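Listing of run_26.cif; format and content: mmCIF, C-alpha atoms and all ligand atoms.
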```cif
data_run
#
loop_
_atom_site.group_PDB
_atom_site.id
_atom_site.type_symbol
_atom_site.label_atom_id
_atom_site.label_comp_id
_atom_site.auth_asym_id
_atom_site.auth_seq_id
_atom_site.Cartn_x
_atom_site.Cartn_y
_atom_site.Cartn_z
ATOM 1 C CA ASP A 50 -42.049 4.408 16.090
ATOM 2 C CA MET A 51 -41.003 3.977 19.749
ATOM 3 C CA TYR A 52 -37.388 3.878 21.007
ATOM 4 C CA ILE A 53 -35.459 2.979 24.209
ATOM 5 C CA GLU A 54 -32.856 5.102 26.221
ATOM 6 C CA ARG A 55 -30.722 3.913 29.213
ATOM 7 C CA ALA A 56 -31.704 5.323 32.655
ATOM 8 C CA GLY A 57 -29.416 3.490 35.126
ATOM 9 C CA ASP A 58 -28.136 0.253 36.673
ATOM 10 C CA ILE A 59 -30.306 -2.239 38.548
ATOM 11 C CA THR A 60 -28.706 -2.028 42.041
ATOM 12 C CA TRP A 61 -30.030 -1.996 45.650
ATOM 13 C CA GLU A 62 -29.191 1.411 47.200
ATOM 14 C CA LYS A 63 -28.890 1.650 51.006
ATOM 15 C CA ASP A 64 -30.346 4.741 52.740
ATOM 16 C CA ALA A 65 -33.103 5.265 50.166
ATOM 17 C CA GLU A 66 -36.400 7.166 50.855
ATOM 18 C CA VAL A 67 -38.635 4.736 52.853
ATOM 19 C CA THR A 68 -42.354 5.405 52.171
ATOM 20 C CA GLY A 69 -45.612 3.559 51.341
ATOM 21 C CA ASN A 70 -48.041 1.529 53.461
ATOM 22 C CA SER A 71 -48.658 -2.312 53.025
ATOM 23 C CA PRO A 72 -52.403 -3.002 52.346
ATOM 24 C CA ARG A 73 -54.249 -6.400 51.969
ATOM 25 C CA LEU A 74 -56.828 -5.810 49.184
ATOM 26 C CA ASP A 75 -59.337 -8.366 47.836
ATOM 27 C CA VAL A 76 -58.925 -7.963 44.030
ATOM 28 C CA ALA A 77 -59.974 -9.626 40.659
ATOM 29 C CA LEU A 78 -58.098 -9.898 37.316
ATOM 30 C CA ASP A 79 -60.131 -9.726 34.117
ATOM 31 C CA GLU A 80 -59.361 -11.333 30.700
ATOM 32 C CA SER A 81 -58.061 -7.877 29.568
ATOM 33 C CA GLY A 82 -55.363 -7.522 32.259
ATOM 34 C CA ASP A 83 -57.392 -4.960 34.271
ATOM 35 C CA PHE A 84 -57.332 -5.252 38.086
ATOM 36 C CA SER A 85 -60.707 -4.720 39.802
ATOM 37 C CA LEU A 86 -61.435 -4.193 43.517
ATOM 38 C CA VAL A 87 -63.755 -6.837 45.040
ATOM 39 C CA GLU A 88 -66.231 -5.731 47.733
ATOM 40 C CA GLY B 16 -27.519 -1.477 18.862
ATOM 41 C CA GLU B 17 -27.283 -0.631 22.605
ATOM 42 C CA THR B 18 -27.986 -3.888 24.528
ATOM 43 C CA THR B 19 -26.101 -3.197 27.813
ATOM 44 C CA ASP B 20 -27.852 -4.560 30.955
ATOM 45 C CA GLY B 21 -29.889 -2.036 33.023
ATOM 46 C CA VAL B 22 -33.116 -0.002 33.271
ATOM 47 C CA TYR B 23 -34.345 1.886 30.162
ATOM 48 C CA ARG B 24 -36.926 4.569 29.305
ATOM 49 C CA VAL B 25 -39.468 3.771 26.573
ATOM 50 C CA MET B 26 -40.102 6.954 24.497
ATOM 51 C CA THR B 27 -42.068 8.097 21.363
ATOM 52 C CA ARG B 28 -42.203 11.001 18.842
ATOM 53 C CA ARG B 29 -45.896 10.378 17.700
ATOM 54 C CA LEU B 30 -47.205 13.198 19.979
ATOM 55 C CA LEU B 31 -45.788 16.641 21.069
ATOM 56 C CA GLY B 32 -41.981 16.342 21.005
ATOM 57 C CA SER B 33 -40.550 13.338 22.879
ATOM 58 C CA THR B 34 -42.948 11.698 25.390
ATOM 59 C CA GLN B 35 -42.167 8.914 27.936
ATOM 60 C CA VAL B 36 -44.794 6.120 27.584
ATOM 61 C CA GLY B 37 -43.147 3.623 29.970
ATOM 62 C CA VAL B 38 -40.001 1.913 31.387
ATOM 63 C CA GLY B 39 -38.335 -1.491 30.754
ATOM 64 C CA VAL B 40 -35.541 -3.771 32.049
ATOM 65 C CA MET B 41 -32.747 -5.051 29.767
ATOM 66 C CA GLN B 42 -31.301 -8.360 31.091
ATOM 67 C CA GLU B 43 -29.294 -11.126 29.381
ATOM 68 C CA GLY B 44 -29.932 -9.474 25.988
ATOM 69 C CA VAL B 45 -33.746 -9.466 26.525
ATOM 70 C CA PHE B 46 -35.837 -6.291 26.934
ATOM 71 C CA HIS B 47 -38.647 -6.859 29.466
ATOM 72 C CA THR B 48 -41.494 -4.331 29.705
ATOM 73 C CA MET B 49 -45.298 -4.155 30.339
ATOM 74 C CA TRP B 50 -47.665 -4.799 27.354
ATOM 75 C CA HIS B 51 -49.702 -1.588 27.808
ATOM 76 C CA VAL B 52 -46.530 0.499 27.166
ATOM 77 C CA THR B 53 -45.741 -0.783 23.640
ATOM 78 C CA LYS B 54 -49.035 -2.589 22.815
ATOM 79 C CA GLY B 55 -46.691 -5.153 21.093
ATOM 80 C CA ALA B 56 -44.962 -2.672 18.733
ATOM 81 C CA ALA B 57 -41.294 -2.947 17.677
ATOM 82 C CA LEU B 58 -38.668 -0.646 19.281
ATOM 83 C CA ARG B 59 -35.501 1.195 18.136
ATOM 84 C CA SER B 60 -32.258 1.091 20.143
ATOM 85 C CA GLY B 61 -29.643 3.405 18.604
ATOM 86 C CA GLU B 62 -29.782 2.101 15.035
ATOM 87 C CA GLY B 63 -31.042 -1.394 16.054
ATOM 88 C CA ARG B 64 -34.508 -2.968 16.101
ATOM 89 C CA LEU B 65 -36.119 -4.739 19.043
ATOM 90 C CA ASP B 66 -38.767 -7.113 17.688
ATOM 91 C CA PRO B 67 -41.181 -8.832 20.123
ATOM 92 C CA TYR B 68 -40.654 -12.473 21.123
ATOM 93 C CA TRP B 69 -43.254 -13.229 23.806
ATOM 94 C CA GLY B 70 -46.211 -11.202 25.086
ATOM 95 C CA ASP B 71 -49.442 -11.688 27.010
ATOM 96 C CA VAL B 72 -52.288 -9.191 27.591
ATOM 97 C CA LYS B 73 -53.652 -10.884 30.768
ATOM 98 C CA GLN B 74 -50.211 -10.840 32.419
ATOM 99 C CA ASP B 75 -49.535 -7.367 30.860
ATOM 100 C CA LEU B 76 -45.919 -8.377 30.022
ATOM 101 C CA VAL B 77 -43.811 -8.373 26.824
ATOM 102 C CA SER B 78 -40.182 -9.524 26.103
ATOM 103 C CA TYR B 79 -38.034 -8.494 23.075
ATOM 104 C CA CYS B 80 -35.175 -10.486 21.416
ATOM 105 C CA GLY B 81 -35.913 -13.537 23.597
ATOM 106 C CA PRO B 82 -38.019 -15.261 26.244
ATOM 107 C CA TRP B 83 -38.860 -13.776 29.684
ATOM 108 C CA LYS B 84 -35.642 -13.978 31.830
ATOM 109 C CA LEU B 85 -36.554 -12.408 35.205
ATOM 110 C CA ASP B 86 -37.489 -15.179 37.661
ATOM 111 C CA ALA B 87 -36.944 -13.955 41.282
ATOM 112 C CA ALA B 88 -39.909 -13.366 43.659
ATOM 113 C CA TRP B 89 -40.752 -11.402 46.842
ATOM 114 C CA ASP B 90 -40.410 -13.589 49.983
ATOM 115 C CA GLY B 91 -43.618 -12.178 51.547
ATOM 116 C CA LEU B 92 -41.619 -10.761 54.466
ATOM 117 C CA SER B 93 -38.877 -8.409 53.242
ATOM 118 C CA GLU B 94 -38.925 -4.757 52.198
ATOM 119 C CA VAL B 95 -38.208 -4.156 48.501
ATOM 120 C CA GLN B 96 -37.067 -1.246 46.275
ATOM 121 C CA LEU B 97 -39.031 0.254 43.378
ATOM 122 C CA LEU B 98 -36.294 1.617 41.081
ATOM 123 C CA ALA B 99 -38.726 4.153 39.696
ATOM 124 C CA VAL B 100 -37.762 5.977 36.484
ATOM 125 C CA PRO B 101 -40.216 8.963 36.291
ATOM 126 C CA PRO B 102 -40.904 10.964 33.082
ATOM 127 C CA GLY B 103 -38.522 13.901 32.731
ATOM 128 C CA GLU B 104 -36.900 13.028 36.069
ATOM 129 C CA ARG B 105 -33.797 10.956 36.977
ATOM 130 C CA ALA B 106 -34.027 7.277 38.188
ATOM 131 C CA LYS B 107 -34.796 7.081 41.947
ATOM 132 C CA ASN B 108 -34.845 4.098 44.398
ATOM 133 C CA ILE B 109 -37.794 4.060 46.806
ATOM 134 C CA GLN B 110 -37.861 1.463 49.557
ATOM 135 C CA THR B 111 -41.205 0.047 50.881
ATOM 136 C CA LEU B 112 -42.862 -3.119 52.345
ATOM 137 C CA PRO B 113 -45.366 -4.498 49.823
ATOM 138 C CA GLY B 114 -48.906 -5.469 50.733
ATOM 139 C CA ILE B 115 -51.106 -8.242 49.272
ATOM 140 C CA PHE B 116 -53.618 -8.587 46.388
ATOM 141 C CA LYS B 117 -55.942 -11.398 47.548
ATOM 142 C CA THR B 118 -57.218 -13.131 44.374
ATOM 143 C CA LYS B 119 -59.127 -16.381 43.573
ATOM 144 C CA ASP B 120 -55.852 -17.640 41.858
ATOM 145 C CA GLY B 121 -53.317 -16.825 44.603
ATOM 146 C CA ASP B 122 -51.631 -13.961 46.454
ATOM 147 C CA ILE B 123 -49.449 -11.328 44.718
ATOM 148 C CA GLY B 124 -47.272 -8.638 46.293
ATOM 149 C CA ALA B 125 -48.288 -5.000 45.817
ATOM 150 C CA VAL B 126 -46.513 -1.645 46.104
ATOM 151 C CA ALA B 127 -48.545 1.352 47.317
ATOM 152 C CA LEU B 128 -46.634 4.101 45.468
ATOM 153 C CA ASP B 129 -48.237 6.715 43.206
ATOM 154 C CA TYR B 130 -46.245 7.730 40.083
ATOM 155 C CA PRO B 131 -47.260 9.244 36.688
ATOM 156 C CA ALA B 132 -48.454 6.788 33.953
ATOM 157 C CA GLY B 133 -45.058 6.908 32.146
ATOM 158 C CA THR B 134 -43.343 5.269 35.132
ATOM 159 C CA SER B 135 -45.052 1.917 34.136
ATOM 160 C CA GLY B 136 -42.473 -0.814 33.615
ATOM 161 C CA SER B 137 -40.085 0.297 36.420
ATOM 162 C CA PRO B 138 -38.599 -2.723 38.263
ATOM 163 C CA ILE B 139 -39.115 -3.897 41.840
ATOM 164 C CA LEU B 140 -35.849 -5.178 43.382
ATOM 165 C CA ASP B 141 -34.858 -7.370 46.309
ATOM 166 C CA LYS B 142 -31.838 -6.899 48.726
ATOM 167 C CA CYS B 143 -29.513 -8.349 46.025
ATOM 168 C CA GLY B 144 -30.661 -6.076 43.209
ATOM 169 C CA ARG B 145 -32.526 -9.067 41.656
ATOM 170 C CA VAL B 146 -35.640 -8.140 39.635
ATOM 171 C CA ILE B 147 -38.714 -9.584 41.407
ATOM 172 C CA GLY B 148 -41.319 -7.871 39.144
ATOM 173 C CA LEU B 149 -42.473 -4.722 37.280
ATOM 174 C CA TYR B 150 -44.595 -1.708 38.517
ATOM 175 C CA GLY B 151 -47.455 -0.313 36.439
ATOM 176 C CA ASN B 152 -50.468 -2.631 36.616
ATOM 177 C CA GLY B 153 -52.734 -2.253 39.602
ATOM 178 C CA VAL B 154 -55.853 -0.613 41.075
ATOM 179 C CA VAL B 155 -57.213 2.604 42.692
ATOM 180 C CA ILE B 156 -58.384 2.079 46.306
ATOM 181 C CA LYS B 157 -61.127 3.849 48.467
ATOM 182 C CA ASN B 158 -59.040 6.937 49.499
ATOM 183 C CA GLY B 159 -57.926 7.451 45.856
ATOM 184 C CA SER B 160 -54.289 6.334 46.176
ATOM 185 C CA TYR B 161 -52.782 3.892 43.688
ATOM 186 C CA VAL B 162 -51.646 0.320 44.523
ATOM 187 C CA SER B 163 -49.690 -1.476 41.747
ATOM 188 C CA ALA B 164 -49.003 -5.220 41.695
ATOM 189 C CA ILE B 165 -45.491 -6.718 41.619
ATOM 190 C CA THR B 166 -46.050 -8.237 38.134
ATOM 191 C CA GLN B 167 -43.546 -11.052 37.408
ATOM 192 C CA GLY B 168 -43.231 -13.322 34.342
ATOM 193 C CA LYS B 169 -42.324 -16.980 34.001
ATOM 194 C CA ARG B 170 -38.847 -18.196 32.966
ATOM 195 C CA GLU B 171 -38.854 -21.042 30.422
HETATM 196 O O1 LIG C 1 -52.002 0.511 36.368
HETATM 197 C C1 LIG C 1 -52.142 1.394 35.526
HETATM 198 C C2 LIG C 1 -51.394 2.668 35.700
HETATM 199 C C3 LIG C 1 -50.085 2.720 36.078
HETATM 200 S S1 LIG C 1 -49.651 4.305 36.563
HETATM 201 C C4 LIG C 1 -51.268 4.821 36.173
HETATM 202 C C5 LIG C 1 -51.789 6.212 36.488
HETATM 203 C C6 LIG C 1 -53.239 6.146 37.004
HETATM 204 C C7 LIG C 1 -53.654 7.427 37.753
HETATM 205 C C8 LIG C 1 -52.695 7.737 38.892
HETATM 206 N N1 LIG C 1 -51.416 7.016 38.807
HETATM 207 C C9 LIG C 1 -50.889 7.010 37.432
HETATM 208 N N2 LIG C 1 -51.988 3.915 35.580
HETATM 209 N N3 LIG C 1 -53.001 1.209 34.517
HETATM 210 C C10 LIG C 1 -54.432 0.953 34.737
HETATM 211 C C11 LIG C 1 -55.037 1.238 33.385
HETATM 212 C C12 LIG C 1 -53.982 0.714 32.421
HETATM 213 C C13 LIG C 1 -54.150 -0.717 31.950
HETATM 214 C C14 LIG C 1 -55.035 -1.018 30.926
HETATM 215 C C15 LIG C 1 -55.166 -2.312 30.489
HETATM 216 C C16 LIG C 1 -54.404 -3.276 31.082
HETATM 217 N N4 LIG C 1 -53.528 -3.023 32.062
HETATM 218 C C17 LIG C 1 -53.406 -1.752 32.485
HETATM 219 C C18 LIG C 1 -52.642 1.072 33.092
#
```

Spell out the structure here as structure tokens.
Amino acid sequence: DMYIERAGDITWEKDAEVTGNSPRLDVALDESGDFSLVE
Amino acid sequence: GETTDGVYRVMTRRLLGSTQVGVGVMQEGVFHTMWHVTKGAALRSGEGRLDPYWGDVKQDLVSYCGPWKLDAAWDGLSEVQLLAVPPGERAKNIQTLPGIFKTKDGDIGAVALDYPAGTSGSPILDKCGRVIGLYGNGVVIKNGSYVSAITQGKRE
């Protein structure tokens, strides 16, 4: 069996670590929920 | 049992000791997580039982105790926060500007943040702390980095 355990509140926190680029990718979504890259 | 609002870790004892398989969001008495984490299986909360209510493999989403409740969405302009709950590590807010997943059925926001498989289910939040989607279903791009969609369900 699987079980759940609390990890924290859902709150916006100012002065957080800002990282990660913003790409525009042409993708596809299959019947099985898998995301594919279209080229 | 424990139904207090917030972010939760999804664990198991089927393998070596305790192992984090994913993350979920409790909201309005409904546990929202990604399908690939639980595969539809029931959960235990303290001495309680979380039995599935709605789930969909194409969307990769599953809600326990009730219907999907999270209904906010990225405005296509603002920066957002992945409240990422990593395995073995404490919850951590990471701010970023999401990109786009151009599909034949519409655009979807996407966070370019690489985290271990057990982080799947972690919420993406807007400036008001409103849940705009879950992290954990995406793709691997040309340079090898991982780009996950902002997966959001439908409120009924
Ligand atoms: O998006 C992920 C994922 C999240 S973090 C993660 C790993 C991958 C290696 C580096 N980053 C950590 N993998 N899935 C794709 C395969 C899998 C699935 C299968 C069927 C349907 N939906 C999803 C989960």

task = Name the residues in contact with residue 111 in chain B at a cut-off of 9 Å, using all atoms listed in the file, excluding same-chain residues fewer than 2 positions from it; report them as a PyMOL selection string.
result = (chain A and resi 66-71) or (chain B and resi 94-97+109+113+126-128)

key: Distance filter 7 Å around ligand LIG 1 (chain C), atoms: all atoms listed in the file, out as a count of residues only   = 18

task = Return as a ChimeraX atom specification the set of residues that the PyMOL selection byres ((chain B) within 8 of (chain A)) yields on the displayed structure.
result = /B:20-29,53,56-60,72-75,96,98,100,105-106,108-119,125-128,140-145,152-154,156

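Closest to residue 162 in chain B among B:124, B:81, B:67, B:16 is B:124, based on only C-alpha atoms.
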
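Close contacts of residue 171 in chain B, defined as residues with an atom at most 12 Å away when counting only C-alpha atoms, with chain neighbours fewer than 3 positions off set aside, comprise residues 69, 81, 82, 83, 84, 85, 86 and 168 of chain B.
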
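Straight-line separation from CA of residue 52 in chain B to CA of residue 148 in chain B: 15.5 Å.
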
Using all atoms listed in the file, which protein or nucleic acid residues come within 8 Å of residue 17 in chain B? Drop anything in the same chain fewer than 2 positions from it, and give the result as a PDB file with C-alpha atoms, keeping the file's coordinate frame.
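Generated file (result-v7.pdb):
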```pdb
ATOM      1  CA  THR B  19     -26.101  -3.197  27.813  1.00  0.00           C
ATOM      2  CA  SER B  60     -32.258   1.091  20.143  1.00  0.00           C
ATOM      3  CA  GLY B  61     -29.643   3.405  18.604  1.00  0.00           C
ATOM      4  CA  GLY B  63     -31.042  -1.394  16.054  1.00  0.00           C
TER       5      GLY B  63
END
```

key: Distance query residue 45 in chain B at most 7 Å, all atoms listed in the file, self and fewer than 6 positions along chain excluded, as a VMD selection string   = chain B and resid 78 to 81

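Across the model, the gap from CA of residue 123 in chain B to CA of residue 39 in chain B is 20.4 Å.
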
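Proximity of B:90, B:136, B:46, B:158 to residue 66 in chain B, computed with all atoms listed in the file, is greatest for B:46.
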
request  = Using the chain letters and residue numbers of this document, give as a list in words the residues selected by the PyMOL selection byres (((chain B and resi 166) around 7) and not hetatm).
outcome  = residues 148, 149, 150, 164, 165, 167 and 168 of chain B

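The space separating CA of residue 64 in chain B from CA of residue 18 in chain B comes to 10.7 Å.
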
Return range 71-88 of chain A, completed with N, CA and C atoms, as a PDB file, keeping the file's coordinate frame.
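Printed below is selection_19.pdb as written:
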```pdb
ATOM      1  N   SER A  71     -48.568  -0.935  53.544  1.00  0.00           N
ATOM      2  CA  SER A  71     -48.658  -2.312  53.025  1.00  0.00           C
ATOM      3  C   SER A  71     -50.094  -2.870  53.140  1.00  0.00           C
ATOM      4  N   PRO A  72     -51.004  -2.536  52.202  1.00  0.00           N
ATOM      5  CA  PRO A  72     -52.403  -3.002  52.346  1.00  0.00           C
ATOM      6  C   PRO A  72     -52.726  -4.406  51.830  1.00  0.00           C
ATOM      7  N   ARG A  73     -53.738  -5.085  52.430  1.00  0.00           N
ATOM      8  CA  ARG A  73     -54.249  -6.400  51.969  1.00  0.00           C
ATOM      9  C   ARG A  73     -55.602  -6.144  51.283  1.00  0.00           C
ATOM     10  N   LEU A  74     -55.622  -6.129  49.949  1.00  0.00           N
ATOM     11  CA  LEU A  74     -56.828  -5.810  49.184  1.00  0.00           C
ATOM     12  C   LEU A  74     -57.401  -7.019  48.455  1.00  0.00           C
ATOM     13  N   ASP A  75     -58.717  -7.261  48.564  1.00  0.00           N
ATOM     14  CA  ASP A  75     -59.337  -8.366  47.836  1.00  0.00           C
ATOM     15  C   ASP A  75     -59.597  -7.908  46.399  1.00  0.00           C
ATOM     16  N   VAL A  76     -58.802  -8.400  45.425  1.00  0.00           N
ATOM     17  CA  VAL A  76     -58.925  -7.963  44.030  1.00  0.00           C
ATOM     18  C   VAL A  76     -59.292  -9.104  43.024  1.00  0.00           C
ATOM     19  N   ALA A  77     -59.649  -8.728  41.774  1.00  0.00           N
ATOM     20  CA  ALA A  77     -59.974  -9.626  40.659  1.00  0.00           C
ATOM     21  C   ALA A  77     -59.181  -9.219  39.397  1.00  0.00           C
ATOM     22  N   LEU A  78     -58.859 -10.189  38.530  1.00  0.00           N
ATOM     23  CA  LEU A  78     -58.098  -9.898  37.316  1.00  0.00           C
ATOM     24  C   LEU A  78     -58.905 -10.362  36.109  1.00  0.00           C
ATOM     25  N   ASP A  79     -59.292  -9.408  35.259  1.00  0.00           N
ATOM     26  CA  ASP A  79     -60.131  -9.726  34.117  1.00  0.00           C
ATOM     27  C   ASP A  79     -59.306 -10.242  32.913  1.00  0.00           C
ATOM     28  N   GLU A  80     -59.994 -10.809  31.910  1.00  0.00           N
ATOM     29  CA  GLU A  80     -59.361 -11.333  30.700  1.00  0.00           C
ATOM     30  C   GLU A  80     -58.510 -10.266  29.964  1.00  0.00           C
ATOM     31  N   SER A  81     -58.770  -8.975  30.208  1.00  0.00           N
ATOM     32  CA  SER A  81     -58.061  -7.877  29.568  1.00  0.00           C
ATOM     33  C   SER A  81     -56.902  -7.315  30.365  1.00  0.00           C
ATOM     34  N   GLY A  82     -56.476  -7.989  31.433  1.00  0.00           N
ATOM     35  CA  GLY A  82     -55.363  -7.522  32.259  1.00  0.00           C
ATOM     36  C   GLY A  82     -55.673  -6.395  33.234  1.00  0.00           C
ATOM     37  N   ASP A  83     -56.955  -6.015  33.357  1.00  0.00           N
ATOM     38  CA  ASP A  83     -57.392  -4.960  34.271  1.00  0.00           C
ATOM     39  C   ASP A  83     -57.614  -5.533  35.681  1.00  0.00           C
ATOM     40  N   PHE A  84     -57.122  -4.828  36.710  1.00  0.00           N
ATOM     41  CA  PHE A  84     -57.332  -5.252  38.086  1.00  0.00           C
ATOM     42  C   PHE A  84     -58.535  -4.502  38.636  1.00  0.00           C
ATOM     43  N   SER A  85     -59.475  -5.243  39.217  1.00  0.00           N
ATOM     44  CA  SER A  85     -60.707  -4.720  39.802  1.00  0.00           C
ATOM     45  C   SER A  85     -60.655  -4.899  41.323  1.00  0.00           C
ATOM     46  N   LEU A  86     -61.364  -4.047  42.070  1.00  0.00           N
ATOM     47  CA  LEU A  86     -61.435  -4.193  43.517  1.00  0.00           C
ATOM     48  C   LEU A  86     -62.725  -4.933  43.849  1.00  0.00           C
ATOM     49  N   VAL A  87     -62.618  -5.999  44.653  1.00  0.00           N
ATOM     50  CA  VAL A  87     -63.755  -6.837  45.040  1.00  0.00           C
ATOM     51  C   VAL A  87     -64.291  -6.388  46.394  1.00  0.00           C
ATOM     52  N   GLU A  88     -65.606  -6.164  46.489  1.00  0.00           N
ATOM     53  CA  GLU A  88     -66.231  -5.731  47.733  1.00  0.00           C
ATOM     54  C   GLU A  88     -67.605  -6.388  47.922  1.00  0.00           C
TER      55      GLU A  88
END
```
